[PDB]
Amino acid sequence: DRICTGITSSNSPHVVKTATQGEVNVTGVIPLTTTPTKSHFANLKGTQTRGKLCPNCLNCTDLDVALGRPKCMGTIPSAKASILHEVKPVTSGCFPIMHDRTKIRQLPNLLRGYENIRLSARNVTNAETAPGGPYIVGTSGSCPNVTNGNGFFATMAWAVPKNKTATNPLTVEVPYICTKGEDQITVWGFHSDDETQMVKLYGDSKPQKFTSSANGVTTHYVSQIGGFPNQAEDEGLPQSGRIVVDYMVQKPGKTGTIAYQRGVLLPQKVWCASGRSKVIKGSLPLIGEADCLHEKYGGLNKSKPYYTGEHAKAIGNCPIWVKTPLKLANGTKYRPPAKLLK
């Protein structure tokens, strides 16, 4: 009589990849993959989330807040996670900007980069004592107030000069200003208007040259006089003119230099920001909570260790991306049932 060792034969539909034996059929398998499905973005668990530079700044754009518009001056805090919902962010009012002429649109998205950011604990450059003559701190309707006065971006001053005379380039020296080793984001620009209004406001009706230097980053502009493009991301009809606006990043301890003439939207309140936040292209009416924020798939939570599908930037407790679905053998190589015995 014969007693022997043996293994089973059973349904073995699952196939597993091995080194010595090529691809083999197996009794059972533990999957390690999943193809997640597109869902809405949530709030990463152990970290705080941003998708609106500011929550207590109400009905506004992030660019609006960035630029320092009147109402949109809600004091904005810290998250260590930030979603980027505005790839090309817009303004929702105030003075008409000719945006597409500077890197300015991304100011919010640069800000987003930081963990901490602040309106500003002061305002560099004394708009009145500014090089050039005395200026009236130009104010403007088209940018309401807490009371409906004359709004102009807490960011910057509308340097309209008493003694309207033409100017050879003048040089402001924008200082560091910031608490600790924060980064500083200076903002500034220039108003330009038509033939007539130019002479009326400042003593010159010719194209005005502007030039900034900051950490070896030179930029040079030339104002436009006539035929400005239609007004947009603004409100109500000071359409004689437009402000070309730009930002300047001053690293810790460093000084900026703006060469300017007439229309000079001098800087004022200047961002101080520091800390690094993990950012991701999100698309957000932010609903609820996930373990992991995938640029595609969105709010997602960690079931299996790897995931199959679309690779993309992703932050949090995320499954690792994988070329192909992978399975762990949980069983026995297929054997055909036996009667090859005697």
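We number the residues from 1 along the sequence you see.
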Looking at the deposited entry, does 214 to 222 or 150 to 158 carry the larger mean Cα B-factor? 150 to 158
Quick check on the record: does 92 to 100 or 141 to 149 carry the larger mean Cα temperature factor? 141 to 149
Among 124, 110, 187, 258, which carries the highest Cα B-factor? 124
Largest Cα B-factor, entry values, listed residues 31, 305, 316, 55: 55
Here the Cα B-factor of residue 287, set against its chain, lands in the third termed highest
C-alpha B factor of residue 183, ranked within the chain: lowest, middle or highest third? middle
Which third of the chain does residue 62 land in by C-alpha B-factor: lowest, middle or highest? highest
Residue 239 CA temperature factor, ranked by third within the chain: highest
Which third of the chain does residue 298 land in by C-alpha B-factor: lowest, middle or highest? middle
